[PDB]
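# Analysis of the macromolecular model
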Protein chains: 2
Amino acid sequence: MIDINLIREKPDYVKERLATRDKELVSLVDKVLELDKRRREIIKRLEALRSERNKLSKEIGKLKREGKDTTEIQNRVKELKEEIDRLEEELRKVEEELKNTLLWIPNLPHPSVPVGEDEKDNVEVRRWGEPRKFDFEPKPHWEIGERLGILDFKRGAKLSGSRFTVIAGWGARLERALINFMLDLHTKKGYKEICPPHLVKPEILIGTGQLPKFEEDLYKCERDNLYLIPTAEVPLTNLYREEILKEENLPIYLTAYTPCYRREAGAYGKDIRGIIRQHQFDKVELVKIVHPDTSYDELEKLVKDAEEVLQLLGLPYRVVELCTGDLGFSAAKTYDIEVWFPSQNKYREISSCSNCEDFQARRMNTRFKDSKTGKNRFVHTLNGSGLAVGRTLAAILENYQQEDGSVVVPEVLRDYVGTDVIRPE
Amino acid sequence: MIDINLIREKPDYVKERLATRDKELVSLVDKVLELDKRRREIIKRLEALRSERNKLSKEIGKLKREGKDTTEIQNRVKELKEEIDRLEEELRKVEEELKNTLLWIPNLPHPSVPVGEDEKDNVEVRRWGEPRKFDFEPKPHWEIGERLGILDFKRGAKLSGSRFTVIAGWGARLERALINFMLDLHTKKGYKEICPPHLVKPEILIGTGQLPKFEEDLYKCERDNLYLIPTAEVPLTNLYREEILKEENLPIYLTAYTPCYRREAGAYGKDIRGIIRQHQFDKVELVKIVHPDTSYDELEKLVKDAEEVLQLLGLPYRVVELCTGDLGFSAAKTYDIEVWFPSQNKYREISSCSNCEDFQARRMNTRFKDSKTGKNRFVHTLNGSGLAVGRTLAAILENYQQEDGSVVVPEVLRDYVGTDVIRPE
Ligand SMILES: Nc1ncnc2c1ncn2[C@@H]1O[C@H](COS(=O)(=O)NC(=O)[C@@H](N)CO)[C@@H](O)[C@H]1O
Ligand SMILES: Nc1ncnc2c1ncn2[C@@H]1O[C@H](COS(=O)(=O)NC(=O)[C@@H](N)CO)[C@@H](O)[C@H]1O
């Protein structure tokens, strides 16, 4: 979330920035202002009723020493106190809707971000590798994988319904390999490996941004009130909830691998054939809890940490800075890495590296006592895909395919997988 | 489940076997017989009413050629048609009640199995390795882990509540190692590695026994009508559900690593301080789909395959065959491997390898056409922990501990992990 003061002090600005996301967001500012106003109004109106009653009860007490006024007044007091609670019971209720409304406002995009209405308005920032030229029509990742028997869409559906695929044999061995290759690379660079729970309490999702706006997007175990995580980002980032960190500890780099679970309730008809959009996918996250003054540079570093995976792998890609209209609830600025999919003759999202400044830190309450001022300051959070395993696999299957159908294992995964090429079973 | 013929052909036997599990089961056998009877009666009476009807309808049709009998008979038909519905609509209710009843009876224990009411009447069948003796009081794994900063019980709770613990750094890097070491061993052995969905359709859990009896035990995602898996046994075994396999293919050996999710509604107050009983734990399962004749030999081999892990690891262990009173709903015979815990001064379940003969195969309908009789016969399924990664981690953290608190990396995992000993971070 964002600062209530920031809205009070500069509602103009907040509205122009939310406006770069969606003109329909401007209303959220008005509602919090209206809500905030009635809130401080009730406290003033009460501050009076409190004083009047206290004045009168004081006056019907000194009047105990004989007088009968204790009724035309003992009613102005009873009429009075019967409304202070009427209001107390609305301030309570007005502060509730204030708190919630605030949790529904997206992060204000950083000025450096280009303005746009949607994905078409994203800006390409750099490329790497030259997409392979084919002397034979290249095949889709789902075909090359079924024919090799390492992608069992049929059985996946038999067990879980659509958007579920069982990976098998070399297919699986390769998947694990990726995960291992990936983690080792990032840990060597300084990230703390960590295995987090996959089911999590609600606060956690409220902490990262997922809750409350995208609840229909998460699997929920209504019985235990725990949600399955849609990304390792959630558990990792909330690691230091309600804490005050030592500025010396900063920055905190941590990585992890986790199965990801998304109801994908929006993806209708889109990507219905391979493994690029599934209810369950493997992904190696990257998270950074840093000192405000280093956030944006850490962002740039993070994006490079991710590119490295792709280069080391020999998979051509390009980097895209997302425009305001495409940004994403928690992000203040973010780059997407897109890998080449021959079968589709286009680059496609394989990573999303973003900086959230204090947004997530605010709703999660993670601050630090700095070597200067001595006072508490909210930290900055960042996260990005240290390559979503599933999509990389698919990339691998397509960019390293052969006319006969086999797939050449990338030079750096061989030591992890076993073979150098996996031919038809 | 078991066949109903077996029930009506030797109800005696059935009742005595279930009696070894619980004498309160004997009634189930009576309910299926009393229900099978009511059903066989309806089908016979129905086959009669159906003949009488077609006989008459044919009779009132050749009589349409001038005749008025089509009243006293066209009534004997309506009165008759009036009853066949009545019966079809109760046979249905009858048969529902009959098939769910059957889904509640446990597998018949194999004679070989020792009789007993409790886990204390389970008998030891062999050991391996001698429990290290200490010069100092050995410390429990949670104590050693928190000291090493590899087990964060506080944060696991902050994130997901009790019985949820985050593993970090060397802890995490070691756990991964474990999973790799184990899948490599088994894969080398001839098991097919597979990455299965963790979210599964109900029938699948009905497939391996988990449902209906243990619904309260599995996390359910009420909105999408899917369950979280409590073991890779589930998705792997159900892989060929509703299939007719080619005997040439048998046996089918497969392995996999997956997070296991258990509501552990029962585990109350027991194992409340480490990671031996958690709502989420890693486990490399081992599943076999074999030909009936080889079932029990495969079981023996399975336990050896599992044992192998613990030996290469240098972990003292003992094997025990579970008595009928402790068997486990779908098992027909089952051994548990229990590793040595210094801090507890006792051996503890770390593996559970069982044989289900045709029980599981019968409820998921997996069979095969054999090179002999040509007819279809249900397969035999087996499965067992190729080590519950979590409890193994705990075991090596205690058995390889040192005065100063560091823990010595077991010899075979150092090429996987990195260091040879992980000292206070
Ligand atoms: N349903 C899905 N199936 C497979 N891969 C997916 C799915 N949804 C997203 N991804 C992949 O996962 C990546 C990261 O997801 S993201 O929501 O964009 N970003 C995050 O989750 C951040 N925490 C950074 O990982 C996407 O860029 C894409 O490569
Ligand atoms: N709640 C739990 N937390 C951690 N480990 C557990 C838990 N429950 C069971 N285990 C471990 O997992 C092993 C296998 O589980 S089991 O229920 O006995 N049997 C199975 O899971 C079978 N499906 C074979 O794997 C147990 O022997 C024990 O080592």
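The rules behind each value
- Residues numbered from 1 in each chain as written, not as in the entry; some residues may be left out.
- Chains lettered and ligands numbered in written order.
- Heavy atoms only, no water.
- Near = heavy atom within 4 Å.
- Polar contact = N/O pair within 3.5 Å; in protein donor to acceptor, adjacent residues only side chain to side chain.
- Areas by Shrake-Rupley, 256 points an atom, 1.4 Å probe, with all protein chains shown as cover.
- Helix = DSSP H or I, 4+ residues; strand = E, 2+ residues; numbered from the N terminus.
- Nonpolar A, V, L, I, M, F, W, Y, C, P; charged D, E, K, R; others polar.
- Contact = heavy atoms within 4.5 Å.
- Buried area = accessible area lost by both parts, 1.4 Å probe.
- Salt bridge = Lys/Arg side-chain N within 4 Å of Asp/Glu carboxyl O.
- Core = buried A, V, L, I, M, F, W, Y, C linked by side-chain atoms within 4.5 Å.
- Buried < 20%, exposed > 50% of the residue type's maximum accessible area, 1.4 Å probe, protein only.

As documented in the archive entry, the model was determined using X-ray crystallography at 3.00 Å resolution.

## Considering the site of ligand 1
Residue and element names in this part refer to chain A. As a structural note, the neighbourhood of ligand 1 is formed by 19 residues, with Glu233, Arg262, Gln278, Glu285 and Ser385 the closest of them. Here a nitrogen atom of ligand 1 and a side-chain polar atom of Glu264 are 3.4 Å apart. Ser385 places a polar side-chain atom, nitrogen or oxygen, 2.7 Å from an oxygen atom of ligand 1. Taking 580 Å² as the accessible area of ligand 1 by itself, protein coverage stands at 90%. Put simply, the parts of the chain that give the shell around ligand 1 at least two residues each are β9 (280-290), β12 (346-355) and β15 (380-388). A breakdown of the residues in the shell around ligand 1 according to their chemical character gives 4 nonpolar, 7 polar and 8 charged.

## Observations concerning the interface of chain B and chain A
Counting from both sides, the interface comprises 52 residues of chain B and, opposite them, 53 residues of chain A. Overall, the association of chain B and chain A removes approximately 4600 Å² of surface from exposure, summing both partners, and the carbon and sulfur fraction of that is 52%. At the surface where chain B touches chain A, the tally comes to 16 salt bridges. Between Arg223 of chain A and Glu215 of chain B there is a salt bridge whose closest N-O contact spans 3.7 Å. In this assembly, chain B and chain A are joined by 43 residue pairs in polar contact. Secondary structure elements with two or more residues in the side of chain B that touches chain A: α6 (153-160), β3 (166-168), α7 (170-189), β4 (192-195), β5 (199-200) and β8 (252-261) of chain B. With 7 residues, α7 of chain B is the single largest residue contributor to the side of chain B that touches chain A.

## Digging into the nonpolar core
Residues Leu174, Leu178, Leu397 and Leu413 of chain A are the most contacted members of the largest nonpolar core, which totals 102 residues. Aside from chain neighbours lying at most four places away, what touches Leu178 of chain A is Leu313, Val389, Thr392, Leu393, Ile396 and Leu413 of chain A. Membership of the second largest hydrophobic core comes to 40 residues, among which are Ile194, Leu218, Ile229 and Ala361 of chain B.

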